[PDB]
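Read off the chains here:
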Amino acid sequence: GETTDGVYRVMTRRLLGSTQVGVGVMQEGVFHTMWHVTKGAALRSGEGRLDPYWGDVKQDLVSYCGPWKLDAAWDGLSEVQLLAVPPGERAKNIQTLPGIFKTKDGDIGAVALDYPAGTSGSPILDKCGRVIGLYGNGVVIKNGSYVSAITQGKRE
Amino acid sequence: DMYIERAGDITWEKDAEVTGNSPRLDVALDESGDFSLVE
Ligand SMILES: CN(C)c1cc(CN)ccn1
């Protein structure tokens, strides 16, 4: 299968035609996506198979072939880019200044950008091109707009 | 059966389209991984 670093679409042929259910990041031989995209199922990459290695429903994250490798964090001040990969459309970078999710367990960066559900798992980057989290787990606020957390895992 | 297909490189694009606001929200995270608004 293809193990080149980069952003990938996660597809399924179970429904009508070929449907994009999400997106993920290949880095250091490990595939990273959100748990709600795959529900922890195995994935295919050409003729090869990717088996889950770690996952957590509460963080809404899952890694395949190895442990979670992404450890960069939003600095709390700078603009970032969502490398959005929408269903049936080309990868596109969108720059934005994150807002904040304030929780009883601390603050998390959040991006106020609205893309289809199939874009979940698209990476959010800093100015060095490092992945600071994945887009796709968030909330719908008063005016009906979507705000995603910047969801990042822990590198053991 | 789920499969993956390469979509691109991960790089910062100089002069990308700049949009979106920066809301400061009070939220709660439940055991199922769902975020909700705290009012
Ligand atoms: C999971 N994503 C990206 C969503 C979710 C919603 C749910 N209102 C709307 C738009 N995008």
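Residues numbered from 1 in each chain as written, not as in the entry; some residues may be left out. Chains lettered and ligands numbered in written order. Heavy atoms only, no water.

1. Regarding the site of the ligand
Residues and elements named next belong to chain A. Let me state the cut-off plainly: Being near a molecule or strand, for a residue, means having at least one of its heavy atoms within 4 Å of it. Surface exposure here means Shrake-Rupley accessible area, sampled with a 1.4 Å probe, where a residue is shielded only by the protein chains that are shown. Under the grouping applied here, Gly and all other residues not named as nonpolar or charged are polar, the nonpolar ones being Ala, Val, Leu, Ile, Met, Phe, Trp, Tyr, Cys and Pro and the charged ones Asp, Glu, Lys and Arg.
Contacts to the ligand come from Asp114, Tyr115, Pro116, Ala117, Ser120, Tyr135, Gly136, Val140 and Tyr146. Against a free-state accessible area of 320 Å², the protein chains account for coverage of 68% of the ligand. Looking at the shell around the ligand, its residues break down into 6 nonpolar, 2 polar and 1 charged.

2. Focus: the layout of surface pockets
Just so we agree on the cut-off: The way it works is a 1 Å grid over only the protein atoms, where trapped points that fit a 1.4 Å probe form a cavity and open points with protein on both sides within 12 Å along at least five of seven lines form a pocket, and then any residue with an atom within 4 Å of a point lines it. Grid points are joined across faces, edges and corners, and a volume is the space filled by probe spheres set on the points. Only DSSP runs of H or I reaching four residues or more are called helices, and only runs of E reaching two or more are called strands; each is numbered from the N terminus. As used throughout, domain bounds are those supplied by an automatic or database domain assignment.
Approximately 330 Å³ is the volume found for the largest pocket. What lines the largest pocket is a set of 19 residues, and nearest its centre among them are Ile108, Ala149, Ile150, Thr151 and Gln152 of chain A. Examining the composition of the lining of the largest pocket, we find that 3 residues originate from one element, strand β11 (residues 106-111) of chain A, more than from any other. Counted by class, the lining of the largest pocket contains 11 nonpolar, 5 polar and 3 charged residues. Counting only domains with at least three residues in the lining of the largest pocket, you end up with domain 1 (6-64) and domain 2 (80-149) of chain A. Put simply, the second largest pocket is a space of about 190 Å³. Every residue lining the second largest pocket is listed: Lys58, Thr103, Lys104, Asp105, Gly106, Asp107 and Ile108 of chain A together with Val27, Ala28, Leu29 and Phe35 of chain B. For the lining of the second largest pocket, the secondary-structure elements that each account for two or more residues are β11 of chain A together with β3 (24-29) of chain B.

3. Here we look at the domain arrangement of chain A
Residues and elements named next belong to chain A. Our working rule: Only heavy atoms enter the contact rule, under which two residues are in contact if any of them lie within 4.5 Å. Two parts placed together each lose some accessible area under a 1.4 Å probe, and the buried area is that loss summed for both. Here, a salt bridge means any side-chain nitrogen of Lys or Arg that lies within 4 Å of a carboxyl oxygen of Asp or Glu. Counting of polar contacts relies on pairs of N or O atoms within 3.5 Å, with two restrictions inside protein: one atom must be capable of donating a hydrogen and the other of accepting it, and residues adjacent in sequence are counted only when both atoms are side-chain atoms.
For chain A, the domain assignment lists domain 1 (6-64) and domain 2 (80-149). When each unit is reduced to the centre of its C-alpha atoms, the spacing between domain 1 and domain 2 is 18 Å. Taken residue by residue, the interface counts 15 residues in domain 1 and 19 residues in domain 2. Broken down residue by residue, the surface that domain 1 buries against domain 2 is led by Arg9, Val23 and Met34, which jointly contribute 38%. In this structure, the connection of domain 1 to domain 2 is made through 0 salt bridges. Summed over the shared surface of domain 1 and domain 2, the result is 7 residue pairs in polar contact. Counting residues per element, the ones that place at least two in the side of domain 1 that touches domain 2 are β1 (6-12), β2 (19-27), β3 (30-33) and α1 (35-38). By residue class, the composition of the side of domain 1 that touches domain 2 is 7 nonpolar, 6 polar and 2 charged.

4. Brief notes about the interface of chain B and chain A
To be explicit about the condition: A pair of strands is considered paired only if DSSP assigns at least 2 bridges between the two.
The interface of chain B with chain A comprises 33 residues on the first partner and 57 residues on the second. Both sides of the chain B and chain A interface together cover about 4000 Å² of buried area, and 60% of this is carbon and sulfur. Among the residues chain B hides against chain A, the three largest losses belong to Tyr3, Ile4 and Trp12 of chain B. Together they make up 22% of the total. Our count for the chain B to chain A interface comes out at 1 salt bridge. Here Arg44 of chain A makes a salt bridge to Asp1 of chain B, at a shortest N to O gap of 3.1 Å. Inspection of the region where chain B meets chain A yields 20 residue pairs in polar contact. Contributing elements (two or more residues each) for the side of chain B that touches chain A: β1 (2-8), β2 (17-18), β3 and β4 (35-37) of chain B. By residue class, the composition of the side of chain B that touches chain A is 14 nonpolar, 9 polar and 10 charged. Here strand β9 (residues 92-96) of chain A runs beside β2 of chain B; their pairing, made up of 2 bridges, is parallel. Of the residues in β2 of chain B, the one forming a bridge with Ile94 of chain A is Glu17 of chain B.

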